[PDB]
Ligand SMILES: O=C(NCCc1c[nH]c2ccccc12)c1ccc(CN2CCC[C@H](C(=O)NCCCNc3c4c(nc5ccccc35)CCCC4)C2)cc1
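First comes one chain, alone, set out as structure tokens in the form deposited without this ligand.
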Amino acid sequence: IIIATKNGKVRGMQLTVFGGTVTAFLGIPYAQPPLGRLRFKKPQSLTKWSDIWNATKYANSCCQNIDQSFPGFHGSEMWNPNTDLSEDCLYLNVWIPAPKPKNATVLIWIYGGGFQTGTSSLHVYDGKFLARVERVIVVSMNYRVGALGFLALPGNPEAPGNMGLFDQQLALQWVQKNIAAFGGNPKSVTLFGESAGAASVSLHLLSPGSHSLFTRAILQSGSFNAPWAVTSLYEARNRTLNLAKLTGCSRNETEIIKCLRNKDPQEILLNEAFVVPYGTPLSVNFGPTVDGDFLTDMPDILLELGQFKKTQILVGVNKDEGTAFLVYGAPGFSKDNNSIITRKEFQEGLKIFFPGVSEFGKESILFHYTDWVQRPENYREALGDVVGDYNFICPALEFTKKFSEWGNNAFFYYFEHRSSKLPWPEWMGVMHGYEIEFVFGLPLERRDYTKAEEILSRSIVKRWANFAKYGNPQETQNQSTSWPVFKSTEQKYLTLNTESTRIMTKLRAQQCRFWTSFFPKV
């Protein structure tokens, strides 16, 4: 099975999926390896090749630090790179239905990982199920992360910033120019990602350069207005310099880059952590910045004034977004016990999560979240909601409200099902990132999940697919709850779970008024 692309021929492999077949093209190059003098620069167009490129295995993941907090634990290790790390990592994957489709909708996945980690080869991002079940074409790409992908020196082409975002864009471009050859429809491309990947999707909605590279967007647990999604020019500058010093590269700013371009990836990765005086468990040392190229102004401004691609969006969050981060720094927390903490530990926890916040700012948080409705887990649960509400839920709801105010249909979901196979303890509930396997349809594979989860996954997959193809996330055949549009006034949203799916209104009303209106002032 050979497909001819604009840059050359590529060979794929046949896969057996649910008594059927899916054709996968794993590891297709989409840009010149960003090596040597190209390190830190925007992705360069790839050179036309001769012969057949064998896209039969996942390519190298981009250089990144790994989570070493729980060696041997699947809960954390499932997110670590499952492919060799390398600077030569600009590759993408394509899963197409078999027999070859004629004009299928294309789903392009953008993985999360705080812009510091991640890779498209993870088991939970396997797109062969979606290709099989919904007959859509699934594409995913590897983009540079950490300093290698976001080191910023605004205005300087040697390290302009947002390189990772531009890698993604170049991948979207590749789909535009090549997907037709795989039987895909370049006019029907839906982007979807989670966390930092969702924030990336939201930024593409704002970048004029990406406007004509996709049709619709899906944002799972993330958006650019999340406090961890955009690095300020001030912080970027101070971090670029701190990195320079830690590697003995302090100098002319262009000479600094030349210096850093002689350093080994390991030395650069090793010092990324200390660039920030007091970082938090979210740890976005090097992220998106207003570069004047990909992002022409502060995103908050563009959003507020309706400057973005006009189209439909599907947005959502998980019930317990914050828990996952409590075991990476919060005192009294552990994945090995019920983590019943005290008021004192809670207060210390806020310290960990809001390092540069005034003493009054932290008290305002405690005041809002401690008016107990006694229960030994009051503080444990409060800190999780605090982290979740502040970092994900409220920013996602605000993004949705603002985006829809400009006339486009928007759909919001509240994911509240805890995977029966979740390796983490129960007190962590419906964790951040664990709706992904349902979106990708892993529960459809009976070899593994309860019957209820197969049904829930099958439904979500259909809704996501209908949204991509028709801009409407409905499940029209099995007498399913209709998903109402999200509007600024009523603010209806759909709950996803195995029990009963409901239509609710104004998610976290009181909590978000706190984070969206008050807190930004402290």
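Start at 1 with the first residue shown and count on from there. Rigid core here is just the name for the largest C-alpha set that superposes within 1.5 Å across the two forms.
The higher RMS C-alpha distance to the shown form in 8 other deposited structures of this protein, out of 278-286 and 108-116, belongs to 278-286, with every structure fitted on the core. In the deposited sequence, the stretch from residue 373 to residue 374 hides 1 to 3 residues that have no coordinates. According to the PDB entry, the deposited sequence contains 1 to 3 residues between residue 448 and residue 449 that lack coordinates. With 72-80 and 234-242 compared on mean CA B-factor from the PDB entry, the stretch scoring higher is 234-242. Stretch comparison (49-57 versus 449-457) by mean CA B-factor in the PDB entry places 49-57 on top. Considering 156, 121, 307, 215 together, the PDB entry gives 156 the largest C-alpha B factor. Ranking 437, 320, 363, 336 by the C-alpha B-factor listed in the PDB entry places 336 at the top. Among the modelled residues of its chain, residue 200 has a C-alpha B-factor that falls in the lowest third, as given in the PDB entry. Sorting the modelled residues of the chain by their CA temperature factor places residue 23 in the middle third. Remark: residue 255 belongs to the highest third of its chain, ranked by C-alpha B-factor as recorded. Remark: residue 391 belongs to the lowest third of its chain, ranked by C-alpha B-factor as recorded. In the deposited entry, the Cα temperature factor of residue 32 sits in the top third of values across the chain's modelled residues.
Just so you know, the form deposited with this ligand bound exists too; it's not on screen, but the next bit is about it.
Site accessibility, blocked: after C-alpha superposition of the site, this ligand as positioned in the entry with it bound shows three or more atoms within 2.4 Å of the backbone or C-beta atoms of the displayed chain. Remark: residue 265 does not count among the residues lining this ligand in the entry with it bound, judged by a heavy atom distance of 4.5 Å or less. Heavy atoms of residue 449 never reach within 4.5 Å of this ligand in the entry with it bound, leaving it off the interface. In the entry with it bound, residue 66 approaches this ligand with a heavy atom inside 4.5 Å. This ligand is not shown here, but in the entry with it bound it comes within 4.5 Å of a heavy atom of residue 195.
You can rule out all but one of 107-115, 168-176, 204-212, 361-369: in the entry with it bound, only 107-115 has residues with a heavy atom within 4.5 Å of this ligand.
Of the candidates 387, 159, 303, 260, 387 is the one whose heavy atoms come within 4.5 Å of this ligand in the entry with it bound; the others do not. Site annotation in the entry with it bound: the residue of 280, 419, 378, 225 reaching within 4.5 Å of this ligand with a heavy atom is 280. Contacts of stretch 319-340 with this ligand in the entry with it bound, defined by any heavy atom lying within 4.5 Å, are made by 324, 325, 328, listed in sequence order.
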